[PDB]
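Asks: Residue numbers (the entry's author numbering), protein chains in the order written: chain A, 216 to 250; chain B, 7 to 99, 112 to 303; chain C, 970 to 1104; chain D, 945 to 1093; chain E, 414 to 464; chain F, 12 to 46, 74 to 243; chain G, 11 to 103, 108 to 336.
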Amino acid sequence: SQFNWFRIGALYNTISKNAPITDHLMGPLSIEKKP
Amino acid sequence: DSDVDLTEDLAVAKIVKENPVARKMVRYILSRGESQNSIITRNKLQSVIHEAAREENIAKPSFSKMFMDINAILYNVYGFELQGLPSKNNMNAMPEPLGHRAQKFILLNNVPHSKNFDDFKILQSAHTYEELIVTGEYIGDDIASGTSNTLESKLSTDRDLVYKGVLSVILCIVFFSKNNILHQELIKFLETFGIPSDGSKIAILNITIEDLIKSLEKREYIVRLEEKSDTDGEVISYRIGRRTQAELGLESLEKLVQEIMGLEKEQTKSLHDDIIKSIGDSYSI
Amino acid sequence: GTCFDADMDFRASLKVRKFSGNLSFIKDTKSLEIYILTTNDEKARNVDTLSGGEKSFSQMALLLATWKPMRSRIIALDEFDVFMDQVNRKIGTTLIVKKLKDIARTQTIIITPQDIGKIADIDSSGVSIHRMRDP
Amino acid sequence: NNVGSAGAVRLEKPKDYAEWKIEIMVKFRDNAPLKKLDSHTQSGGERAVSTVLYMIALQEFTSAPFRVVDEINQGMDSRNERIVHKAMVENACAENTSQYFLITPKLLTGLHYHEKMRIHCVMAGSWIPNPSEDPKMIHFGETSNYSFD
Amino acid sequence: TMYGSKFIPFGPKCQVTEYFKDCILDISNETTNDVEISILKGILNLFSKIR
Amino acid sequence: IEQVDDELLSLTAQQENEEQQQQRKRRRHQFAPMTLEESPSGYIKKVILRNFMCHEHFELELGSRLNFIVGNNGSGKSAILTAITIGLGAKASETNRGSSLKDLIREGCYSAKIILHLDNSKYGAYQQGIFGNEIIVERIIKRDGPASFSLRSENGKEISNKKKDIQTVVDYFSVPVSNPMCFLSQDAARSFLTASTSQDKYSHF
Amino acid sequence: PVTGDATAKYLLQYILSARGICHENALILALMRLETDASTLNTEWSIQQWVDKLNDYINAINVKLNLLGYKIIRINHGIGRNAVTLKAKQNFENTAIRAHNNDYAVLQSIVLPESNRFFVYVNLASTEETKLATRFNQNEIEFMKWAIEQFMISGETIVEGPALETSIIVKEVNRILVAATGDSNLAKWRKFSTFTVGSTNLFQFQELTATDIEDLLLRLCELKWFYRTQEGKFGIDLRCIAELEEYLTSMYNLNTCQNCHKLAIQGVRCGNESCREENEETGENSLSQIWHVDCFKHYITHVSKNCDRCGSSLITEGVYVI
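(1) Verify the CB distance criterion: does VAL1051 of chain C have a CB-CB separation below 8 Å to chain G?
(2) Where does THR23 of chain F fall in DSSP's three states?
(3) With three or more C-beta pairs closer than 8 Å as the rule, is the region 202 to 214 of chain G touching the region 113 to 124 of chain G?
(4) Taking all protein chains shown into account, do 16 or more other C-beta atoms lie within 10 angstroms of the C-beta of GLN23 of chain G, making it buried, or fewer, making it exposed?
(5) From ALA1013 of chain C to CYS274 of chain G, what does the alpha carbon distance come to, in whole angstroms?
(6) Could you check the C-alpha separation between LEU222 of chain F and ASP308 of chain G for me, to the nearest Å?
(7) Compile a chain-ordered list of the residues in the region 1038 to 1057 of chain D whose CB is closer than 9 Å to at least one CB of chain B.
(8) With 8 Å set as the bound, which would you pick, yes or no: does the beta-carbon of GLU13 of chain F sit closer than that to a beta-carbon of chain E?
(9) Along chain G, which residues have their Cβ under 7 Å away from the Cβ of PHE135 of chain B?
(10) So which residues of chain E does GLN33 of chain F contact, with C-beta pairs closer than 7 Å?
(11) Look at the alpha carbon of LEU274 of chain B and the alpha carbon of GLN244 of chain G, and state the distance between them as a whole number of angstroms.
(12) What separation, rounded to the nearest whole angstrom, lies between the Cα atoms of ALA130 of chain F and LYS140 of chain F?
(13) Which residues in the same chain have their Cβ closer than 7 Å to the Cβ of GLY39 of chain B, if we skip the five residues on either side of it in sequence?
(14) To the nearest angstrom, report how far apart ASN137 of chain G and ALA48 of chain G are at their CA atoms.
(15) Could you check which residue in G:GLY90, G:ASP66 and G:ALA119 has the C-alpha nearest to that of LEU39 of chain G?
(16) Do the CB positions of residue 8 of chain F and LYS83 of chain F come within less than 8 Å of each other?
(17) Name the chain C residues that come within less than 7 Å of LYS248 of chain A, Cβ to Cβ?
(18) Which of the three DSSP states is assigned to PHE102 of chain G in this structure?
(19) Specify, as a first and last residue, the run of the beta strand (DSSP E) that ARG1058 of chain C falls within.
(20) Could you tell me which residues DSSP puts in a beta bridge with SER186 of chain F?
(21) Given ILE293 of chain B, which residues of its chain have a CB within under 8 Å of its CB, disregarding the five upstream and five downstream residues?
(22) Only counting the same chain, and skipping five residues up and downstream in sequence, which positions put a Cβ closer than 8 Å to that of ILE1027 of chain D?
(23) Are the Cβ atoms of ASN171 of chain F and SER159 of chain F separated by less than 8 Å?
(24) Is there at least one Cβ from chain D nearer than 8 Å to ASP250 of chain B's Cβ?
(25) Kindly give me the distance between the Cβ atoms of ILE1078 of chain C and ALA1045 of chain C, rounded to whole angstroms, as I take these residues to be in contact under 8 Å.
(26) My assumption, with CB atoms under 8 Å, is that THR148 of chain G sits in contact with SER174 of chain B. Please give the rounded CB distance.
(27) Assuming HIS40 of chain F and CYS436 of chain E make a contact with CB atoms under 8 Å, what is their CB distance in whole Å?
(28) At which residue ranges does the region 116 to 183 of chain G contain complete alpha helix (DSSP H) runs of 4 or more residues, listed in the order of the chain?
(29) Could you pull the start and end residues of the alpha helix (DSSP H) that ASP141 of chain F belongs to?
(30) Compare the C-alpha of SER37 of chain B against each of A:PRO235, A:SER231 and A:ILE230 and name the closest.
(31) Is the CB of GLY990 of chain C under 8 Å away from at least one CB in chain F?
(32) Need the endpoints of the alpha helix (DSSP H) that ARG253 of chain G sits in, please.
(33) Using a threshold of 8 Å, state whether the C-beta atoms of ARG261 of chain B and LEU243 of chain B are closer than that.
(34) Whose CA, out of A:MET241, A:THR237 and A:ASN219, lies closest to the CA of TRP239 of chain G?
(35) So which residues on chain D does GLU148 of chain B lean against when the C-beta distance must stay under 9 Å?
(36) On the DSSP bridge assignment, give the partners of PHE206 of chain G in chain order.
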């Protein structure tokens, strides 16, 4: 725990890899019972 | 060309209104390929399409038309696009991507990167990291401060960034080691960073190194080629998966490595050739 | 014996809404679980996996099925109109009337501010409404 | 690990040396508590898988060229047998491993066939000519023989 | 022995079963009793419920 | 530990007293053959409240099986339940209606009267020969002096003035006045009907 | 799709990458850095039109999401004015360049000293047939439901003493009070609200052990769903209430602020004792009459300073909600 493990992680997944990132909220938590 | 954008948006709205199943399929893809950041299989696509069609009592559309509609909706709303993947046996034994006849797909962004927005993101991440683990500490129940990253930061889950950094380090090790790296020497090289190799869980991630490598292999980040012998014993060789090949291109890898060693922009020449030499037989292109 | 009487009375109470349910008393979890099967589904979901009206009706039926095992000559109760909203409240009052007007061993005094005479279910004999003239 | 269960062969060592005993930790069934292997309390298939895996573990250390197992692939619930076949596939993935002569008295639907292993069939058909008279029928359940080299 | 015959039948509206239960609940204390009292209470309740 | 032995002996003596009390009880039902549909005796025919809480001397003829008092809230709606619980005999803390029995008395008056008319004409009556067809239960609450009673009959002949006769009559009629669920107040009903956790339902039941 | 579409996609991706909720000043800075490379340099501009050029793009993304099945809600945080705007020396953009909050200003000098509303990416679908899980199993869902129930139950406090825990909210409340009028005698009332408070009760889960509970709670805190105060008490953040707008109103009987419809989690809530009616069970303003911090500031500095709930003196008001 001495080196920047976030700055490299910030360069990745943002500058390169063009990877979509989504929160994906806990929607199935509130599932309607459809009575 | 504002009118062109407006009529394209109107056409996308008409398409999504005409095919209700397309919206549900797009939502399911955005859920699966992003929540678990895994590779979508072709076989499950037909099953989910048939199930949605039966639920909506709508005649099943053509798979190519559905794929085109999904790609158009993703590009018009989220800017994403689905690219096909080749078969792993081709490498063991300019190519236009399959798109419609590929057995696997993954969500990929298709917008050129800027020069300051990424700098802003990385600077914010560095600013938050200076206080995240200051004096060898951690946030949560360990300390009395919960909202350490102000109201909201770019750190996401405080572990996804570490996961991506470790993945980038592993890819750099595999890419630059003549596309052939052994497991023991890879562990020894990773020990230089500070990751223990005695089985203790790594910090932040709280996941053992072997389990992390297994997860990376499962997520198509690396390929465990097994050229096991006798004189020496079992042999674990790490390769580059098709997902990594699709995510990281030649120009993308050059841009990523430009800031790795902090080389000046004037000396950008004579580096792409070295990157190509280091990659070797890794890309099917 | 008490749990058997409560279970049977709860089963007989749920039939008013065309439901079918049961009570389960667990000592491992020290809890009472209500299972209700309505018209739509085919599996007895947990009572918490329902709506507000169904849960309120189940609670009222549980109240009656808890009064039942203890044979009481006289039972008295205050208002319940604030715990149930509109149609469910009418159904709950209907359940109270239907389940309590039949039994002769138990005399029930229900004090409510809501006018029962507005409810169409007043024509049933054995129900006495004493509306106070003085407000 | 393939079973999704945790178990270790522990050697409990009391003060008396002869009282040292062997403990096997079982997790394949959540209901079954951690106890010594026994037929009556546990199911037949899970017990068979556990003892087969214990046999497999004591193979690389041993200098025997190969191990022989009989009446093993006969169905154990079609689930425990499936997972033990998966374990056998994983073991066969490693090279320089012992050859096992497998016996399958009862056919199992959707059996997994690894590329390293090869299936052999001995059944005969009415329309198939006699093995002695047919030069290519003498080999049973073999495909590499037909191909050159 | 009695219950189920023509004289003392199962059912909720019989007077004899109500009198029996009325006496059983009279003696029953549930704190320091003979178990037969509680057994009778349960059995009489069951026979009263049987139509 | 001698305290454990003392506790054991005390519990044993308590069990002895309880079994003697059980042995003392006899049968109280005579099984008058008679004739089902008709209600048994013991129900409250009428309650009259003279100078009690808010309203003045008030008559109310409760029905035999189901009663729906539509006294509006804020007009002594809960007065009837409090009066019934007090007259039938119950602990003040269990009722939780008023700070003290003194406050139940109407302001400006030193005494309040609660009179109940339990029915004895129908079957199951408690000493129908002595009490007749009705049993009258009147309780007087005075600011000065103890609260008075009489278990008078229809003719006005005060059969008793004690409280043990109250308990005997009530237990014969099987009216659980001691159980705070048979007479549900507003707060108790709210607590029971809003129970959500299965543990809360189990506890309340 | 040359310039405007790329900027809209970048803004949406930045919103999504921040786990849905993101600070508005960060969005403004991102839009500045996207527009400076879009059309010339845009040096001669004003924030009064920058906010509109952000809002119109946000609405353009929102309508597309709505026709797709999503929505971005500009839900205002419970804490507002400068208390939430300060953050850590405003926006982040020393021997080395590692800690420079006031440096790297956009263009010559651009700063937003006021910011209260947060943009949250939410899903309007209720049944959600398409999605069944994200990264968790049913045990974690049950633990989350139990934590939500405990947080809802802890809202009501019996008496509370003059502990006067002063970390964030009560300082802003006192500043608003002294701005309205200078009393400094009994503004700090001895009534406290624990709407988002739990330390040991969450640890009493049965199915999951203490280590699993701690790991799940830490993961949720890192995901910005449950936040911790200075004392160390867990509670729901703005993200949870922004997403579950219907879960906290249908299953649980809750009231809205002075606005048409909004979820109140913190602010001022006295209610005295005579609540609106009696409600299902809980009272003390459990049916209506709740305010935010910014809403309280707006109400107290305008006409009808006294509470409209049948009359309420300011002396008994000032109840702190934590």
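Ideal Cβ placement from N, Cα and C applies to all residues, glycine included.
Replies: By the coordinates alone:
(1) As a position in the third sequence, residue 1051 of chain C is number 82, starting the count at 1. So yes, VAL1051 of chain C belongs to the interface.
(2) Within the sixth sequence, residue 23 of chain F is the residue found at index 12, counting from 1. Three-state result, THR23 of chain F: helix.
(3) These segments do not touch.
(4) For the purposes of this step, residue 23 of chain G is taken as residue 13 along the seventh sequence, with counting starting at 1. By the Cβ neighbour-count rule, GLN23 of chain G is buried, with 16 or more other Cβ atoms within 10 Å of its own.
(5) By 1-based counting over the third sequence, the position of residue 1013 of chain C is 44. By 1-based counting over the seventh sequence, the position of residue 274 of chain G is 260. Distance between the alpha carbons of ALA1013 of chain C and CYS274 of chain G is about 39 Å.
(6) The residue labelled residue 222 of chain F in the question sits at position 184 within the sixth sequence. The residue labelled residue 308 of chain G in the question sits at position 294 within the seventh sequence. Each residue's alpha carbon lies about 44 Å from the other.
(7) For the region 1038 to 1057 of chain D, the set of residues with a beta-carbon nearer than 9 Å to any beta-carbon of chain B comprises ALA1038, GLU1039 and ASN1040, in chain order.
(8) Looking up residue 13 of chain F in the sixth sequence gives position 2. Not an interface residue.
(9) Counting from one through the second sequence, the residue named residue 135 of chain B turns up at place 117. Residues of chain G whose Cβ lies closer than 7 Å to the Cβ of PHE135 of chain B are, in chain order, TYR20, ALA40, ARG43 and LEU44.
(10) Position 22 of the sixth sequence, counted from the start, is the residue given in the question as residue 33 of chain F. Those within 7 Å of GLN33 of chain F in chain E are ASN442, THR445 and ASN446.
(11) As a working mapping, residue 274 of chain B is identified with position 256 in the second sequence. As a working mapping, residue 244 of chain G is identified with position 230 in the seventh sequence. Counting only the Cα atoms, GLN244 of chain G lies some 39 Å from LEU274 of chain B.
(12) Sequence index remark: in the sixth sequence, residue 130 of chain F carries index 92 (1-based). Sequence index remark: in the sixth sequence, residue 140 of chain F carries index 102 (1-based). Each residue's alpha carbon lies about 11 Å from the other.
(13) Along the second sequence, read from residue 1 onward, the residue named residue 39 of chain B stands at position 33. Hits under 7 Å: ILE46, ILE124 and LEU125.
(14) Here residue 137 of chain G refers to the residue found at position 123 when the seventh sequence is read from its first residue. Here residue 48 of chain G refers to the residue found at position 38 when the seventh sequence is read from its first residue. Rounded to the nearest angstrom, the two C-alpha atoms are 31 Å apart.
(15) Taking the first residue of the seventh sequence as 1, we reach residue 39 of chain G at position 29. Selected option, being the one with the closest Cα: G:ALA119.
(16) As shown, chain F starts at 12 and ends at 243. That puts residue 8 of chain F outside it, with no answer to give.
(17) Position 33 of the first sequence holds residue 248 of chain A. Chain-ordered, the chain C residues with CB closer than 7 Å to the CB of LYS248 of chain A read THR1018, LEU1019 and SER1020.
(18) Here the question's residue 102 of chain G lines up with position 92 in the seventh sequence. DSSP places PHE102 of chain G in coil when its eight states are reduced to three.
(19) On the third sequence, residue 1058 of chain C is found 89 positions in, with the first residue counted as 1. Where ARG1058 of chain C is concerned, there is no enclosing beta strand (DSSP E), although the alpha helix (DSSP H) it sits in stretches over 1056 to 1070.
(20) As a first step, residue 186 of chain F must be located in the sixth sequence, where it is residue number 148. Bridge partners of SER186 of chain F according to DSSP: F:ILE178.
(21) Mapped onto the second sequence, residue 293 of chain B falls at position 275. The answer, listed in chain order, is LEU268, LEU271, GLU272 and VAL275.
(22) The sequence position of residue 1027 of chain D within the fourth sequence is 83, counting from 1. So the list reads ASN946, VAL947 and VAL993, once near-sequence residues are dropped.
(23) Position 133 of the sixth sequence, counting from 1, holds the residue named residue 171 of chain F. Position 121 of the sixth sequence, counting from 1, holds the residue named residue 159 of chain F. Yes, they are a contact pair.
(24) Residue mapping note: residue 250 of chain B aligns to position 232 of the second sequence, counting from 1. Not one beta carbon of chain D lies nearer than 8 Å to the beta carbon of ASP250 of chain B.
(25) Here the question's residue 1078 of chain C lines up with position 109 in the third sequence. Here the question's residue 1045 of chain C lines up with position 76 in the third sequence. Rounded, the Cβ-Cβ distance is 4 Å, consistent with contact.
(26) Taking the first residue of the seventh sequence as 1, we reach residue 148 of chain G at position 134. Taking the first residue of the second sequence as 1, we reach residue 174 of chain B at position 156. The beta-carbon separation of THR148 of chain G and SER174 of chain B, rounded to 14 Å, does not stay under the 8 Å limit for a contact.
(27) Here the question's residue 40 of chain F lines up with position 29 in the sixth sequence. Here the question's residue 436 of chain E lines up with position 23 in the fifth sequence. Right, the Cβ-Cβ distance comes to about 5 Å (below 8 Å), so this counts as a contact.
(28) Runs of the alpha helix (DSSP H) inside the region 116 to 183 of chain G: 152 to 167.
(29) One-based indexing of the sixth sequence puts residue 141 of chain F at position 103. Its alpha helix (DSSP H) spans residues 139 to 142.
(30) For the purposes of this step, residue 37 of chain B is taken as the residue at position 31 of the second sequence. Comparing Cα positions, the closest option is A:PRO235.
(31) Counting from 1 along the third sequence, the entry for residue 990 of chain C is found at position 21. At a cut-off of 8 Å between C-beta atoms, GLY990 of chain C does not count as an interface residue with respect to chain F.
(32) As a position in the seventh sequence, residue 253 of chain G is number 239, starting the count at 1. Element bounds for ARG253 of chain G: 252 to 257.
(33) Residue mapping note: residue 261 of chain B aligns to position 243 of the second sequence, counting from 1. Residue mapping note: residue 243 of chain B aligns to position 225 of the second sequence, counting from 1. Cβ distance not < 8 Å, so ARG261 of chain B and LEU243 of chain B don't count as in contact.
(34) Counted from its first residue, the seventh sequence places residue 239 of chain G at position 225. Checking every option, the nearest Cα to that of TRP239 of chain G belongs to A:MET241.
(35) Indexing the second sequence from 1 puts residue 148 of chain B at position 130. Within chain D, no residue has its beta carbon less than 9 Å from that of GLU148 of chain B; the closest one is some 40 Å off.
(36) The count along the seventh sequence starts at 1 and reaches residue 206 of chain G at position 192. Among the bridge pairs identified by DSSP, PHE206 of chain G is matched with G:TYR334.
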